[PDB]
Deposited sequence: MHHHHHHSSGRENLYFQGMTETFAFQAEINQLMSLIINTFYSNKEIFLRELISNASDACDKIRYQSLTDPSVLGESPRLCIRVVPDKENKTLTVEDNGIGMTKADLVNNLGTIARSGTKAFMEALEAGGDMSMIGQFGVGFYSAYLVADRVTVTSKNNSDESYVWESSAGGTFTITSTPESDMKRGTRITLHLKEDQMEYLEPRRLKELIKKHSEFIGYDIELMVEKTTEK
């Protein structure tokens, strides 16, 4: 009907991913800061993929060819955001790869941790996105791929996530936990970005508010 405004779908996580979310959100791991490197790493991969598409087909860049990553603290909303103009993600991408179908890394990473491995290796296993929950109690991912409309994924690690229906790219917004408000202070962010982005080939912009 003309009067329709929106739709949200709630899905359960695949069991291993649910387990990983619980473990991460509850862990006493003492080096929580690692989340940012992972989010940035993921943006760089997103940007790489659209870049490779552009080599055969320049049109994919649209009217946004300058690829780059931006970090956005928000003291008022108590949220930190990592955004990119990379390839971005379709609904299927979000539903499949960010919830319902787990790759081999979910289990392996949990098995590595059980055998005394370190949380900082999480990226290697293809599940470092989920390190957001070390500092966050809710994560909101808004993305647009050139071949789909934009969508909003959101989860509080409560066993489920929603899918609700912007320019090409992705925004990862973290609702910070009560004790993790240090990741809104700009001096902290500057030193953290510079610590692990020596070899990221895209400019990383720290937006001031």
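Undergrad: Please report every deposited-sequence interval that has no C-alpha in the structure, sorted by position.
TA: Since the structure holds only modelled residues, the stretches it omits are 1 to 12, 178 to 182, 227 to 231.
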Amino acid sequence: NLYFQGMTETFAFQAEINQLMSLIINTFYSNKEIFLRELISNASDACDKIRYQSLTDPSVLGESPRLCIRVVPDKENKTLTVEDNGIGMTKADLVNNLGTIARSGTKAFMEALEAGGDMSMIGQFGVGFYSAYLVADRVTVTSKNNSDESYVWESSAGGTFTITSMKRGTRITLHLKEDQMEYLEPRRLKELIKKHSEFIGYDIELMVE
From here on, numbers count along this sequence of modelled residues.
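Only the largest set of C-alpha atoms that superpose within 1.5 Å between the two forms is called the rigid core.
Undergrad: Say the other structures are aligned on the rigid core; which stretch then has the higher CA RMS in 4 other deposited structures of this protein, 12 to 20 or 191 to 199?
TA: Evaluated in 4 other deposited structures of this protein, the stretch farther from the shown form is 191 to 199.
Undergrad: Core-aligned, which moves more in 4 other deposited structures of this protein: 91 to 99 or 77 to 85, by CA RMS?
TA: Looking at 91 to 99 versus 77 to 85 in 4 other deposited structures of this protein, the farther one turns out to be 91 to 99.
Undergrad: Are coordinates for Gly62 absent in a third or more of the other compared PDB entries?
TA: Yes.
Undergrad: Going by the mean C-alpha B-factor recorded in the entry, which is higher: 70 to 78 or 90 to 98?
TA: Of 90 to 98 and 70 to 78, the stretch with the higher C-alpha B-factor average is 70 to 78.
Undergrad: Highest mean C-alpha temperature factor of the two stretches 79 to 87 and 123 to 131, which is it?
TA: If you average the C-alpha B-factors of 123 to 131 and of 79 to 87, the larger mean comes out for 79 to 87.
Undergrad: Out of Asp148, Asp48, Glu38, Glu154, which one has a C-alpha B factor higher than all the others in the entry?
TA: It is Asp148.
Undergrad: Where does the C-alpha B-factor of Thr27 rank in its chain, lowest, middle or highest third?
TA: CA B-factor rank for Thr27: middle third.
Undergrad: Using only modelled residues of the chain, where does the Cα B factor of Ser44 rank: lowest third, middle third or highest third?
TA: Bottom third by C-alpha B-factor.
Undergrad: For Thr173, return the chain-relative third of its C-alpha B-factor as stated in the PDB record: lowest, middle or highest.
TA: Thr173: CA B-factor falls in the middle third of its chain.
Undergrad: Considering every modelled residue of the chain and its Cα B-factor in the PDB entry, is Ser165 in the lowest, middle or highest third?
TA: Tercile = highest for this residue's CA B-factor.
Undergrad: For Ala12, does the deposited CA B-factor place it in the lowest, middle or highest third of the chain?
TA: For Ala12, whose C-alpha B-factor we compare with every modelled residue in the chain, the answer is the middle third.
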